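Asker: Dropping a structure here in structure tokens format, bear with me for questions.
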Ligand SMILES: Cc1cc2nc3c(=O)[nH]c(=O)nc-3n(C[C@H](O)[C@H](O)[C@H](O)COP(=O)(O)OP(=O)(O)OC[C@H]3O[C@@H](n4cnc5c(N)ncnc54)[C@H](O)[C@@H]3O)c2cc1C
Ligand code: FES
């Protein structure tokens, strides 16, 4: 890992770690063994929404153009914001070093009905 | 410290995610997963379509959990039959029911037993290798097929029915079903719902796949989307994009390329609205189903208990195959556990089974058959947590607990031989080999007795 990334887990706790550029945040999460409740279930294949992440505004603006394939899975995600993206679709870049991504928590009991 | 003994009834997503949560958030807790089938994973194996392999990837995470030293698998054990819930409650500190929703919603209409009428989920288990469905042998010689209900399951069987057979060649779809699908003369599939477009139960991913299915064209009536535009523009995010895709497809003239594609299409799928199945119409010799009588309905009686009610006008639809995909319901498996026949679930307060200390539940048996795998996952974590929370607070049986030491001896006395996860791995390896030759991920073993012969059982 050449760049650093901060993950704000659902329990407030922060998990700092480094991942070499080119890797999706799912790669950063998986290989670094971060404990994020059921993160990346389909293993980054656009079949779930468990890798959902909330990026910083100053970084969201310059991320790869979101596809329909990603929006299709993102609509089914809870805790959706205006800076949400599927973590496994975002490959790290040099400008992302030290950024802070937040894993959506809040009240998702609403999705269970 | 105490070494928690937890039992999970059912090895599908809800059971494996509850166990996953328990193992992750308690370093000494042990989880034993019971399953009536010979193999694990439930609907991820038997439900998720074979042309949806990406979704079956959650199996890798369950396999990792099952491999944990604090987890054990016990297939070929039908709780409530081979072992009672009361007996599991004596052996463990906590028991979690995660046996999904097996029962199928009957149409309850004249002629629903005519040959050619199947449960959409029986058709699915057919091509997905569920043993009980391997001899379904549906007659696909007729041109039209009608699917009652507009959920994702409906789109799944409609998609499998219209997908060019060759495109399914290298999926883990049973060779038996693929063979039948090659001889199928089904070219028209109608998905009929009791309500309107704003009520479709499917997601945009599965719909998009349908709209772009090779060799097919969509049959949507623009009239079903009249004075419905402004309501779409105001819908919530999850709903909006879905509806806009339907409205677009139903009312916008396709580009030169798309039109050419449709003019070339040899198969078609469509959506019917405001029609409830009134009766399955028989063939001349009355030996099979030849069509279905649909009653025109109206939104009448709104509020919480909203429902569509027949106006009195009917419409007879020609069709040789009728698939019922109108949801399902769990079923009681033990007289020791309470049951809500109306909602079709085990009465519970956020996971805690009503009036039964130490008894919990998760998945479809807890919330109903309306959640995808991600929904089931986050729901199952909540149950695992409320259980750990009761443990910490001291609200679960104190002390000892023999767990499997007791149940093993018990099942032994009863002549029930359990299938361990490692036994499953020998079977798994076998199915994967059989998939080598034909270039498929695997070739599922369908014969119950052969699967057991393999394991030495
Ligand atoms: C046709 C179909 C297609 C689907 N496609 C998708 C998809 O593409 N993507 C998606 O995200 N979701 C999909 N789903 C939904 C997904 O399958 C469910 O959300 C998931 O299976 C729910 O898990 P569960 O643990 O509640 O139960 P299940 O997976 O049903 O598992 C319950 C388990 O309990 C076992 N069991 C039952 N009774 C007993 C007993 N008495 N003793 C012991 N074991 C018992 C069952 O055999 C089974 O293995 C689909 C569902 C269907 C029906
Ligand atoms: S890990 Fe499944 S969509 Fe990203």
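Residue numbering for chain A follows Swiss-Prot; the residues present correspond to positions 63-175, in that order.
Going by what the header records, the deposited coordinates were determined by X-ray crystallography, 2.3 Å.
Cβ from N, Cα, C; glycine included.
Quick paste from Swiss-Prot:
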BINDING   A:104, A:110, A:113, A:150  [2Fe-2S] cluster binding site
DOMAIN    A:65-169  domain '2Fe-2S ferredoxin-type'
MOD_RES   A:64  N6-succinyllysine
MOD_RES   A:64  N6-acetyllysine
MOD_RES   A:156  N6-succinyllysine
MOD_RES   A:175  phosphoserine
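Tell me about the surroundings of these features in the structure.
Answerer: Within the same chain, residues at least six positions away from residue A:113 ([2Fe-2S] cluster binding site) with a Cβ under 8 Å of its Cβ are A:87, A:88, A:91, A:101, A:102, A:103, A:106, A:148, A:149, A:150. Taken residue by residue with DSSP, residue A:113 ([2Fe-2S] cluster binding site) is part of neither helix nor strand, so it is coil.
Note: residue A:64 (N6-succinyllysine) has non-local neighbours A:80, A:82, A:83, A:159, i.e. same-chain residues 6+ apart with C-beta under 8 A of its own C-beta.
According to its DSSP assignment, residue A:64 (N6-succinyllysine) is coil.
Secondary structure at residue A:156 (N6-succinyllysine), taken from DSSP and collapsed to helix, strand or coil, is helix.
The DSSP secondary structure for residue A:175 (phosphoserine) is coil. For residue A:175 (phosphoserine), the number of other Cβ atoms no farther than 10 Å from its own Cβ, over all displayed protein chains, is 10.
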Asker: Using Cβ atoms and a cut-off of under 8 Å, determine which of the recorded positions A:64, A:110, A:113, A:156, A:175 neighbour chain B, and list them by sequence position, or give 'none'.
Answerer: A:110, A:175
Asker: Report, as a single number, how many Cβ atoms besides its own are within 10 Å of the Cβ of residue A:156 (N6-succinyllysine).
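Answerer: Other Cβ atoms found within 10 Å: 8.
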Asker: Cα-Cα separation of residue A:156 (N6-succinyllysine) and residue A:104 ([2Fe-2S] cluster binding site), in Å?
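Answerer: Here the two Cα atoms are 27 Å apart.
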Asker: Filtering A:64, A:104, A:113, A:156, A:175 (recorded positions) by proximity to ligand 2: which pass a Cβ cutoff of under 6 Å to any of its atoms?
Answerer: A:104, A:113
Asker: Under a criterion of Cβ-Cβ distance under 8 Å and sequence separation of at least 6, what residues of the same chain contact residue A:104 ([2Fe-2S] cluster binding site)?
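Answerer: Non-local contacts for residue A:104 ([2Fe-2S] cluster binding site): A:110, A:112.
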